[PDB]
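Okay, structure first, notes after.
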Amino acid sequence: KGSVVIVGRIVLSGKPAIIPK
Amino acid sequence: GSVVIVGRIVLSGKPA
Amino acid sequence: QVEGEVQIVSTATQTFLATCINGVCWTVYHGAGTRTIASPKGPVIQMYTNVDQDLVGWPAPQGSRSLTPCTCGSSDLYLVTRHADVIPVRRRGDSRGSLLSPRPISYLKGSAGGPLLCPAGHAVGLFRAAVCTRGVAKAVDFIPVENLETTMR
Amino acid sequence: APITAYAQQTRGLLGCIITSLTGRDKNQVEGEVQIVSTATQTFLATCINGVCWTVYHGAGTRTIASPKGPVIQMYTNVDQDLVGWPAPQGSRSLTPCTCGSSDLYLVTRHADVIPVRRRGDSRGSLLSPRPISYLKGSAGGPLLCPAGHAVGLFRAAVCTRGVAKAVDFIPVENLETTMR
Ligand SMILES: [C]C([C])([C])[C]([N]C(=O)O[C]1[C][C][C][C]1)C(=O)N1[C][C](OC2=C3[C]=[C][C]=[C]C3=[C][C]=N2)[C][C]1C(=O)[N][C]1[C][C]O[B]12O[C][C]([O])[C]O2
Ligand SMILES: [Mg+2]
Ligand SMILES: [Mg+2]
Ligand SMILES: [Zn+2]
Ligand SMILES: [Zn+2]
């Protein structure tokens with residue numbers, strides 16, 4: 001049986017930001 | 001004149 | 001490829017915000033007028049113009065994504081400004097709310113068209129105008145999201 | 001609050017499989033919620049108080065791949081449908097909720113935040129129903145109170161004709177009980 005693998009993440013602690021150029 | 005877009009705000013804070 | 005729900009927008013004399021909800025880029029009539037919005041293919045006309053409501057809408061531009069409307073009926077709101085500050089607001093009536101911590105008016109300046117969010121981050125309204133007492137914004141006037149939903153119909 | 005969320009994919013199909021067999025994962029870990037996969041299922045794991053929790057019906061008794069090879073579960077509770085591993089280095093933990101609030105917010109694998117009205121210890125109804133396939137792969141993810149503290153972990157959907165009307169979750173309290 002294989003290990004469980006992290007394939008991605010969800011981030012809750014980000015706050016509104018101006019998108020950089 | 002047109003309304004022009006000068007920047008953008010992402011509500012979740014998602015980075016590039 | 002990061003998308004923004006909120007646009008920072010300019011006319012020759014003003015600067016303010018727009019918010020995308022349900023595929024439409026919405027802002028205040030008192031800022032945009034009947035103006036088209038710029039695009040790399042030239043001007044795009046308004047899809048909706050509702051002067052009574054102080055409300056204007058264009059198709060959502062490139063580089064954007066849509067907010068979902070609030071369905072939780074909460075009264076704890078959060079206003080987002082053109083500087084990306086978050087300001088807590090208690091909802092009073094259909095279209096009014098008051099700041100938990102009043103701020104100088106310049107702190108809210110240029111944020112009309114921005115969203116009011118519920119605890120879920122869903123759209124409750126569009127910030128219409130600061131309610132002011134002697135250079136101090138203590139409350140907010142906003143366009144409830146229901147009005148956007150019916151304008152579309 | 002406001003609660004907002006974004007998702008990032010860190011691995012593709014092939015790398016997942018290889019990492020699954022080797023159990024060795026050198027990738028950097030960020031965020032509170034991990035998107036997780038086995039050979040047959042993808043779902044969520046939420047970090048609360050230094051432990052990374054998820055559903056048993058997805059993880060079984062499996063190890064988790066880590067920078068030092070496979071890591072064994074710290075907690076297993078088949079009845080509660082619950083499993084835990086030490087939180088990965090770099091992750092960030094949520095805190096259990098102590099406001100006893102009844103307005104909850106479910107965070108899905110798509111990084112949406114959907115409102116939930118609490119109707120019991122481990123049950124809540126959706127304010128707006130959803131296709132079951134929308135919620136699929138979201139088990140293990142957090143239900144949050146208005147302050148962004150953890151109230152429970154999504155376990156099962158109450159569904160009818162393929163439409164989920166309510167959700168069944170593991171209350172945080174039960175985690176404390178499973179620790180003991
Ligand atoms: C398939 C379904 C009909 C939609 C079923 N509904 C159901 O059971 O509801 C009951 C009525 C309320 C309480 C339970 C259900 O949501 N089940 C069924 C399985 O449920 C359980 C358990 C459910 C409750 C208590 C212990 C459990 C132990 C093992 N498995 C997994 C769980 C499931 O399929 N979970 C999916 C929900 C989102 O994620 B999920 O989908 C993808 C899966 O890999 C991970 O889980
Ligand atoms: Mg966030
Ligand atoms: Mg999101
Ligand atoms: Zn809401
Ligand atoms: Zn709480």
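Going by the structure tokens order, chains are called A, B, ..., each with residues numbered from 1, while ligands are numbered from 1 in the order shown.
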request  = Find the residues near residue A:21: any atom within 10 Å, counting only C-alpha atoms, skip ones fewer than 5 places away on the same chain, and give them as a PyMOL selection string.
outcome  = chain B and resi 7-8+16
Selection export as a short mmCIF file (atom, residue, chain, number, x, y, z; two decimals), in the first residue's frame, atoms kept: N, CA, C and O atoms:
data_model
loop_
_atom_site.label_atom_id
_atom_site.label_comp_id
_atom_site.auth_asym_id
_atom_site.auth_seq_id
_atom_site.Cartn_x
_atom_site.Cartn_y
_atom_site.Cartn_z
N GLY B 7 -4.82 48.58 -11.89
CA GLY B 7 -4.25 47.59 -10.99
C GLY B 7 -5.39 46.68 -10.59
O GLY B 7 -6.55 46.92 -10.98
N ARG B 8 -5.06 45.65 -9.81
CA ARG B 8 -6.00 44.58 -9.45
C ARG B 8 -5.77 44.11 -8.02
O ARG B 8 -4.63 44.13 -7.52
N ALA B 16 1.98 35.17 -7.18
CA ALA B 16 2.34 34.64 -8.52
C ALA B 16 3.57 33.71 -8.51
O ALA B 16 3.51 32.56 -8.05
#
With a cut-off of 9 Å, could you pull out the residues of chain D touching ligand 5 and give me the nearest pair of atoms for each, distance in Å to one decimal, using only C-alpha atoms and all ligand atoms, ordered by chain and ascending number, as CSV?
residue,atom,partner,partner_atom_place_in_ligand_line,distance
D:95,CA,ligand 5,1 (Zn),8.9
D:96,CA,ligand 5,1 (Zn),7.5
D:97,CA,ligand 5,1 (Zn),4.0
D:98,CA,ligand 5,1 (Zn),4.9
D:99,CA,ligand 5,1 (Zn),4.1
D:100,CA,ligand 5,1 (Zn),6.3
D:101,CA,ligand 5,1 (Zn),6.3
D:144,CA,ligand 5,1 (Zn),7.6
D:145,CA,ligand 5,1 (Zn),4.8
D:146,CA,ligand 5,1 (Zn),6.3
D:147,CA,ligand 5,1 (Zn),5.3
D:148,CA,ligand 5,1 (Zn),6.9
D:149,CA,ligand 5,1 (Zn),5.3
D:150,CA,ligand 5,1 (Zn),7.3
D:151,CA,ligand 5,1 (Zn),7.5
Take the residues just selected and output them with C-alpha atoms as an mmCIF file, in the first residue's frame.
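Dumped to again-v2.cif:
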data_model
loop_
_atom_site.group_PDB
_atom_site.id
_atom_site.type_symbol
_atom_site.label_atom_id
_atom_site.label_comp_id
_atom_site.auth_asym_id
_atom_site.auth_seq_id
_atom_site.Cartn_x
_atom_site.Cartn_y
_atom_site.Cartn_z
ATOM 1 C CA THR D 95 -6.979 26.528 16.412
ATOM 2 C CA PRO D 96 -10.128 24.804 17.733
ATOM 3 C CA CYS D 97 -13.077 27.150 18.180
ATOM 4 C CA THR D 98 -14.302 28.310 21.586
ATOM 5 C CA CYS D 99 -17.148 30.772 20.637
ATOM 6 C CA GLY D 100 -19.688 27.901 20.341
ATOM 7 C CA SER D 101 -21.137 29.746 17.264
ATOM 8 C CA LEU D 144 -14.758 27.201 10.438
ATOM 9 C CA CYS D 145 -16.491 29.644 12.786
ATOM 10 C CA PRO D 146 -16.689 33.320 11.836
ATOM 11 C CA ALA D 147 -13.292 33.908 13.431
ATOM 12 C CA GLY D 148 -11.517 31.276 11.309
ATOM 13 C CA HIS D 149 -11.056 28.771 14.124
ATOM 14 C CA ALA D 150 -11.733 25.091 13.509
ATOM 15 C CA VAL D 151 -15.156 23.605 14.476
#
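For residue B:13, the non-local neighbours within 9 Å, defined as residues at least 4 positions apart in the same chain or in other chains and counting only C-alpha atoms, are residues 11, 13, 14, 15, 16, 17, 18 and 19 of chain A; 9 of chain B; 4, 5 and 6 of chain D.
Using only C-alpha atoms, the part of chain C that sits within 10 Å of chain A is made up of residues 2, 3, 4, 6, 7, 8, 80, 81, 82, 83, 84, 85 and 86 of chain C.
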key: strand (DSSP E) residues, from DSSP on the backbone, in stretch 14-168 of chain D, as a PyMOL selection string   = chain D and resi 33-37+42-48+51-55+75-77+82-86+103-107+113-118+123-131+142-144+150-160+163-168
message = If the limit is 7 Å from any atom of ligand 4, counting only C-alpha atoms and all ligand atoms, which residues qualify? Return them as an MDAnalysis selection string.
response = (chainID C and resid 70:74 118:122) or (chainID D and resid 115)
How would the residues just picked look written out with N, CA and C atoms as a JSON list (two decimals), in the first residue's frame?
[["chain", "number", "residue", "atom", "x", "y", "z"],
["C", 70, "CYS", "N", -23.33, 36.80, -1.26],
["C", 70, "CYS", "CA", -23.61, 36.26, 0.07],
["C", 70, "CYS", "C", -24.97, 35.60, 0.15],
["C", 71, "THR", "N", -25.03, 34.41, 0.73],
["C", 71, "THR", "CA", -26.31, 33.78, 0.99],
["C", 71, "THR", "C", -26.53, 33.49, 2.48],
["C", 72, "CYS", "N", -25.67, 34.02, 3.36],
["C", 72, "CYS", "CA", -25.71, 33.69, 4.80],
["C", 72, "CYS", "C", -26.39, 34.74, 5.68],
["C", 73, "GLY", "N", -26.75, 35.87, 5.07],
["C", 73, "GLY", "CA", -27.47, 36.93, 5.76],
["C", 73, "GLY", "C", -26.78, 37.51, 6.98],
["C", 74, "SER", "N", -25.47, 37.35, 7.09],
["C", 74, "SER", "CA", -24.72, 37.89, 8.23],
["C", 74, "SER", "C", -24.71, 39.41, 8.26],
["C", 118, "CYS", "N", -19.06, 39.39, 3.46],
["C", 118, "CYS", "CA", -19.48, 38.73, 4.68],
["C", 118, "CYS", "C", -18.31, 37.88, 5.25],
["C", 119, "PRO", "N", -18.53, 37.16, 6.37],
["C", 119, "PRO", "CA", -17.44, 36.32, 6.95],
["C", 119, "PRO", "C", -16.92, 35.25, 5.98],
["C", 120, "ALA", "N", -17.78, 34.86, 5.05],
["C", 120, "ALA", "CA", -17.41, 33.86, 4.04],
["C", 120, "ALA", "C", -16.60, 34.44, 2.88],
["C", 121, "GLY", "N", -16.46, 35.76, 2.82],
["C", 121, "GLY", "CA", -15.81, 36.37, 1.67],
["C", 121, "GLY", "C", -16.75, 36.55, 0.46],
["C", 122, "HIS", "N", -18.04, 36.35, 0.65],
["C", 122, "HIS", "CA", -19.01, 36.50, -0.44],
["C", 122, "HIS", "C", -19.46, 37.95, -0.50],
["D", 115, "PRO", "N", -21.17, 28.63, 3.14],
["D", 115, "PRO", "CA", -21.80, 28.80, 4.46],
["D", 115, "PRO", "C", -22.62, 27.59, 4.88]]
request  = May I have the residues within 6 Å of residue C:15 as a PyMOL selection string, using only C-alpha atoms and disregarding those fewer than 3 positions away in the same chain?
outcome  = chain C and resi 9-10+110
If you keep C-alpha atoms, can you produce a file of those selected residues as a PDB file, in the first residue's frame?
ATOM      1  CA  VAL C   9      -9.981  51.938 -12.169  1.00  0.00           C
ATOM      2  CA  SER C  10      -9.449  55.506 -13.477  1.00  0.00           C
ATOM      3  CA  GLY C 110     -11.085  56.198  -3.996  1.00  0.00           C
TER       4      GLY C 110
END
task = At a cut-off of 12 Å, list the chain D residues touching chain B, using only C-alpha atoms, as a list in words.
result =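 The answer, sorted by residue number, is residues 1, 2, 3, 4, 5, 6, 7, 8, 31, 111, 112 and 113 of chain D.
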Generate the output file for the selected residues, N, CA and C atoms, as a CSV table (one decimal), in the first residue's frame.
chain,number,residue,atom,x,y,z
D,1,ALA,N,-11.1,36.2,9.4
D,1,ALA,CA,-12.3,36.9,8.8
D,1,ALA,C,-12.0,38.2,8.2
D,2,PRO,N,-12.5,38.5,7.0
D,2,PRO,CA,-13.3,37.5,6.3
D,2,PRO,C,-12.4,36.3,5.9
D,3,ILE,N,-13.1,35.1,5.9
D,3,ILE,CA,-12.4,33.9,5.5
D,3,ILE,C,-12.2,33.9,4.0
D,4,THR,N,-11.0,33.8,3.5
D,4,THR,CA,-10.8,33.6,2.1
D,4,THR,C,-9.6,32.6,1.9
D,5,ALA,N,-9.7,32.0,0.7
D,5,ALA,CA,-8.9,30.8,0.4
D,5,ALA,C,-8.4,30.8,-1.0
D,6,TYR,N,-7.2,30.3,-1.2
D,6,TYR,CA,-6.7,29.9,-2.5
D,6,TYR,C,-6.1,28.5,-2.6
D,7,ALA,N,-6.1,27.9,-3.7
D,7,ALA,CA,-5.4,26.6,-3.9
D,7,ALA,C,-4.2,26.6,-4.8
D,8,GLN,N,-3.2,25.8,-4.6
D,8,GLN,CA,-2.0,25.6,-5.4
D,8,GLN,C,-1.7,24.1,-5.6
D,31,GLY,N,0.7,26.4,4.2
D,31,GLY,CA,-0.7,26.4,4.3
D,31,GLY,C,-1.3,25.5,5.5
D,111,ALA,N,-11.0,25.5,-3.0
D,111,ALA,CA,-10.8,26.8,-2.2
D,111,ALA,C,-12.0,27.7,-2.2
D,112,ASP,N,-13.2,27.2,-2.3
D,112,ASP,CA,-14.3,28.0,-2.1
D,112,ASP,C,-14.7,27.9,-0.6
D,113,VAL,N,-15.4,28.9,-0.1
D,113,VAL,CA,-15.8,28.9,1.3
D,113,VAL,C,-17.4,28.9,1.2
task = Have a look at atom CA of residue C:135 and atom CA of residue C:98 and let me know their distance in Å, one decimal.
result =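 Taking atom CA of residue C:135 as the start and atom CA of residue C:98 as the end point, the length is 15.2 Å.
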To check your reading of the model: which residues sit at most 6 Å from ligand 1 when counting only C-alpha atoms and all ligand atoms? Write the answer as a compact mmCIF listing (two decimals) with N, CA, C and O atoms, in the first residue's frame.
# COMPACT_ATOMS: atom_id res chain seq x y z
N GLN D 41 -7.80 7.72 -4.51
CA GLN D 41 -8.62 8.77 -3.94
C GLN D 41 -7.83 10.04 -3.69
O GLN D 41 -6.65 10.00 -3.27
N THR D 42 -8.48 11.17 -3.94
CA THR D 42 -7.95 12.47 -3.53
C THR D 42 -8.94 13.14 -2.60
O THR D 42 -10.15 13.04 -2.80
N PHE D 43 -8.40 13.83 -1.59
CA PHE D 43 -9.20 14.40 -0.51
C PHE D 43 -8.33 15.42 0.25
O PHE D 43 -7.25 15.81 -0.25
N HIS D 57 -11.70 6.90 5.83
CA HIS D 57 -12.22 6.32 4.60
C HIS D 57 -11.44 6.73 3.35
O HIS D 57 -11.64 6.17 2.28
N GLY D 58 -10.55 7.72 3.49
CA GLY D 58 -9.64 8.07 2.43
C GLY D 58 -8.23 7.60 2.68
O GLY D 58 -7.58 7.07 1.78
N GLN D 80 -14.91 6.92 14.38
CA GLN D 80 -15.04 8.36 14.14
C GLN D 80 -14.68 8.79 12.71
O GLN D 80 -14.96 9.91 12.32
N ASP D 81 -14.08 7.87 11.95
CA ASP D 81 -13.61 8.08 10.57
C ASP D 81 -12.45 9.06 10.52
O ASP D 81 -12.38 9.92 9.65
N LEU D 135 -18.82 18.64 -3.92
CA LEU D 135 -18.24 18.33 -2.61
C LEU D 135 -17.27 17.15 -2.62
O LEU D 135 -16.45 17.01 -1.73
N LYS D 136 -17.34 16.33 -3.66
CA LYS D 136 -16.49 15.17 -3.73
C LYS D 136 -15.02 15.58 -3.63
O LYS D 136 -14.58 16.55 -4.27
N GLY D 137 -14.26 14.83 -2.84
CA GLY D 137 -12.84 15.12 -2.66
C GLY D 137 -12.62 16.21 -1.62
O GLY D 137 -11.51 16.65 -1.44
N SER D 138 -13.68 16.64 -0.94
CA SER D 138 -13.52 17.63 0.12
C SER D 138 -13.46 17.07 1.56
O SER D 138 -13.11 17.82 2.48
N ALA D 139 -13.76 15.79 1.76
CA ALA D 139 -13.66 15.18 3.11
C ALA D 139 -12.28 15.43 3.72
O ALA D 139 -11.28 15.35 3.01
N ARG D 155 -16.91 15.12 6.89
CA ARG D 155 -16.89 13.64 6.78
C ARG D 155 -17.81 13.13 5.66
O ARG D 155 -17.40 12.32 4.82
N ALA D 156 -19.05 13.60 5.66
CA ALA D 156 -20.03 13.06 4.72
C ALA D 156 -21.10 14.06 4.34
O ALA D 156 -21.47 14.95 5.12
N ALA D 157 -21.61 13.89 3.13
CA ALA D 157 -22.68 14.75 2.63
C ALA D 157 -24.01 14.04 2.75
O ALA D 157 -24.11 12.83 2.51
N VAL D 158 -25.03 14.81 3.16
CA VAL D 158 -26.43 14.40 3.12
C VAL D 158 -26.98 14.72 1.73
O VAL D 158 -27.25 15.87 1.42
N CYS D 159 -27.13 13.68 0.91
CA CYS D 159 -27.41 13.83 -0.51
C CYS D 159 -28.71 13.10 -0.97
O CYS D 159 -29.19 12.16 -0.32
N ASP D 168 -22.30 16.24 7.19
CA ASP D 168 -21.97 15.56 8.43
C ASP D 168 -20.47 15.72 8.63
O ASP D 168 -19.68 15.44 7.72
Contacts of residue C:53 at 10 Å (only C-alpha atoms; same-chain gap of 5+ positions) as a ChimeraX atom specification = /C:28-29,128,142-144,147-148,151
Residues of chain D near chain A: apply a cut-off of 6 Å, count only C-alpha atoms, and supply the list as an mmCIF file with C-alpha atoms, in the first residue's frame.
data_model
loop_
_atom_site.group_PDB
_atom_site.id
_atom_site.type_symbol
_atom_site.label_atom_id
_atom_site.label_comp_id
_atom_site.auth_asym_id
_atom_site.auth_seq_id
_atom_site.Cartn_x
_atom_site.Cartn_y
_atom_site.Cartn_z
ATOM 1 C CA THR D 4 -10.762 33.635 2.107
ATOM 2 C CA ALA D 5 -8.852 30.812 0.444
ATOM 3 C CA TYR D 6 -6.705 29.943 -2.520
ATOM 4 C CA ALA D 7 -5.434 26.584 -3.934
ATOM 5 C CA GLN D 8 -2.028 25.600 -5.427
ATOM 6 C CA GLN D 9 -1.155 22.305 -7.113
ATOM 7 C CA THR D 10 2.324 21.133 -6.196
ATOM 8 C CA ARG D 11 2.526 17.719 -7.955
ATOM 9 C CA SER D 20 3.563 7.323 -3.106
ATOM 10 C CA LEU D 21 5.766 4.202 -3.547
ATOM 11 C CA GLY D 23 7.276 7.570 0.594
ATOM 12 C CA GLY D 31 -0.726 26.418 4.344
ATOM 13 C CA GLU D 32 -3.269 25.028 6.781
ATOM 14 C CA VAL D 33 -4.981 22.505 4.521
ATOM 15 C CA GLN D 34 -3.158 19.926 2.392
ATOM 16 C CA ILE D 35 -4.625 18.437 -0.770
ATOM 17 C CA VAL D 36 -3.827 14.734 -0.556
ATOM 18 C CA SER D 37 -3.886 11.688 -2.787
ATOM 19 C CA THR D 38 -3.556 7.940 -2.786
ATOM 20 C CA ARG D 62 -1.436 4.562 5.288
ATOM 21 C CA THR D 63 1.716 6.430 6.016
ATOM 22 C CA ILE D 64 2.257 9.973 4.706
ATOM 23 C CA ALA D 65 5.238 10.728 2.435
#
query = For chain B, which residue among C:111, C:106, C:101, C:22 is the nearest when counting only C-alpha atoms?
reply =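 Smallest separation from chain B among the options: C:111.
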inquiry  = If I take atom CA of residue C:34 and atom CA of residue C:140, how far is one from the other in Å, to one decimal?
reply    =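 Distance reported for this atom pair: 24.3 Å.
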ask   = C:35, C:30, C:153, C:65: which is nearest ligand 3, counting only C-alpha atoms and all ligand atoms?
value = C:65
remark   = In terms of only C-alpha atoms, the residue from C:77, C:24, C:51, C:63 at minimal distance from chain B is C:63
query = Could you pull the residues within 9 Å of residue C:21, counting only C-alpha atoms, minus those fewer than 2 positions along the same chain, as number ranges by chain?
reply = C: 5, 19, 23-26, 60, 65-69, 123, 145, 148
Filtering to N, CA, C and O atoms, could you give me those residues as a PDB file, in the first residue's frame?
ATOM      1  N   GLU C   5     -10.576  39.774  -8.117  1.00  0.00           N
ATOM      2  CA  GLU C   5     -12.010  40.026  -8.142  1.00  0.00           C
ATOM      3  C   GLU C   5     -12.276  41.529  -8.216  1.00  0.00           C
ATOM      4  O   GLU C   5     -13.371  41.976  -8.598  1.00  0.00           O
ATOM      5  N   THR C  19     -15.870  45.904  -9.006  1.00  0.00           N
ATOM      6  CA  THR C  19     -15.895  44.558  -8.426  1.00  0.00           C
ATOM      7  C   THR C  19     -16.597  43.631  -9.408  1.00  0.00           C
ATOM      8  O   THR C  19     -17.693  43.962  -9.886  1.00  0.00           O
ATOM      9  N   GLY C  23     -19.909  37.424 -13.454  1.00  0.00           N
ATOM     10  CA  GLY C  23     -19.471  37.706 -14.818  1.00  0.00           C
ATOM     11  C   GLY C  23     -19.542  39.169 -15.213  1.00  0.00           C
ATOM     12  O   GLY C  23     -19.140  39.535 -16.319  1.00  0.00           O
ATOM     13  N   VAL C  24     -20.029  40.018 -14.313  1.00  0.00           N
ATOM     14  CA  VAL C  24     -20.129  41.465 -14.581  1.00  0.00           C
ATOM     15  C   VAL C  24     -19.177  42.294 -13.695  1.00  0.00           C
ATOM     16  O   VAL C  24     -19.061  42.069 -12.477  1.00  0.00           O
ATOM     17  N   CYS C  25     -18.504  43.247 -14.326  1.00  0.00           N
ATOM     18  CA  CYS C  25     -17.655  44.199 -13.647  1.00  0.00           C
ATOM     19  C   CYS C  25     -18.490  45.416 -13.275  1.00  0.00           C
ATOM     20  O   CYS C  25     -18.864  46.205 -14.141  1.00  0.00           O
ATOM     21  N   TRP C  26     -18.773  45.565 -11.983  1.00  0.00           N
ATOM     22  CA  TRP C  26     -19.685  46.607 -11.490  1.00  0.00           C
ATOM     23  C   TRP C  26     -18.974  47.733 -10.796  1.00  0.00           C
ATOM     24  O   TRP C  26     -17.984  47.497 -10.112  1.00  0.00           O
ATOM     25  N   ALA C  60     -17.063  41.296 -17.519  1.00  0.00           N
ATOM     26  CA  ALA C  60     -15.839  41.173 -16.728  1.00  0.00           C
ATOM     27  C   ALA C  60     -14.623  41.114 -17.643  1.00  0.00           C
ATOM     28  O   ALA C  60     -14.649  40.405 -18.637  1.00  0.00           O
ATOM     29  N   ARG C  65     -11.781  37.458 -11.895  1.00  0.00           N
ATOM     30  CA  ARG C  65     -12.680  36.369 -11.545  1.00  0.00           C
ATOM     31  C   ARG C  65     -13.837  36.977 -10.734  1.00  0.00           C
ATOM     32  O   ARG C  65     -13.740  38.093 -10.197  1.00  0.00           O
ATOM     33  N   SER C  66     -14.935  36.255 -10.653  1.00  0.00           N
ATOM     34  CA  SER C  66     -16.125  36.768 -10.023  1.00  0.00           C
ATOM     35  C   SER C  66     -16.266  36.326  -8.580  1.00  0.00           C
ATOM     36  O   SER C  66     -16.017  35.169  -8.246  1.00  0.00           O
ATOM     37  N   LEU C  67     -16.657  37.276  -7.740  1.00  0.00           N
ATOM     38  CA  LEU C  67     -17.211  36.998  -6.434  1.00  0.00           C
ATOM     39  C   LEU C  67     -18.582  36.346  -6.515  1.00  0.00           C
ATOM     40  O   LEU C  67     -19.402  36.639  -7.410  1.00  0.00           O
ATOM     41  N   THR C  68     -18.825  35.478  -5.544  1.00  0.00           N
ATOM     42  CA  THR C  68     -20.120  34.869  -5.317  1.00  0.00           C
ATOM     43  C   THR C  68     -20.921  35.778  -4.371  1.00  0.00           C
ATOM     44  O   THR C  68     -20.373  36.313  -3.421  1.00  0.00           O
ATOM     45  N   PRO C  69     -22.214  35.971  -4.627  1.00  0.00           N
ATOM     46  CA  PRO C  69     -23.052  36.720  -3.688  1.00  0.00           C
ATOM     47  C   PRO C  69     -23.243  36.020  -2.332  1.00  0.00           C
ATOM     48  O   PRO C  69     -23.343  34.794  -2.281  1.00  0.00           O
ATOM     49  N   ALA C 123     -20.098  38.364  -1.593  1.00  0.00           N
ATOM     50  CA  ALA C 123     -20.409  39.774  -1.798  1.00  0.00           C
ATOM     51  C   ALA C 123     -21.731  40.124  -1.143  1.00  0.00           C
ATOM     52  O   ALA C 123     -22.739  39.455  -1.363  1.00  0.00           O
ATOM     53  N   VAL C 145     -26.375  43.650  -2.926  1.00  0.00           N
ATOM     54  CA  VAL C 145     -26.166  42.709  -4.022  1.00  0.00           C
ATOM     55  C   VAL C 145     -27.452  42.203  -4.715  1.00  0.00           C
ATOM     56  O   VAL C 145     -27.421  41.827  -5.898  1.00  0.00           O
ATOM     57  N   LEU C 148     -28.123  44.174  -7.715  1.00  0.00           N
ATOM     58  CA  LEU C 148     -27.337  43.790  -8.880  1.00  0.00           C
ATOM     59  C   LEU C 148     -28.033  42.615  -9.536  1.00  0.00           C
ATOM     60  O   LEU C 148     -28.202  42.595 -10.752  1.00  0.00           O
TER      61      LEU C 148
END
message = If I take atom CA of residue D:91 and atom CA of residue D:27, how far is one from the other in Å, to one decimal?
response = 11.9 Å
key: Selected residue, from C:93, C:115, C:125, C:88, that lies nearest to chain B when counting only C-alpha atoms   = C:115
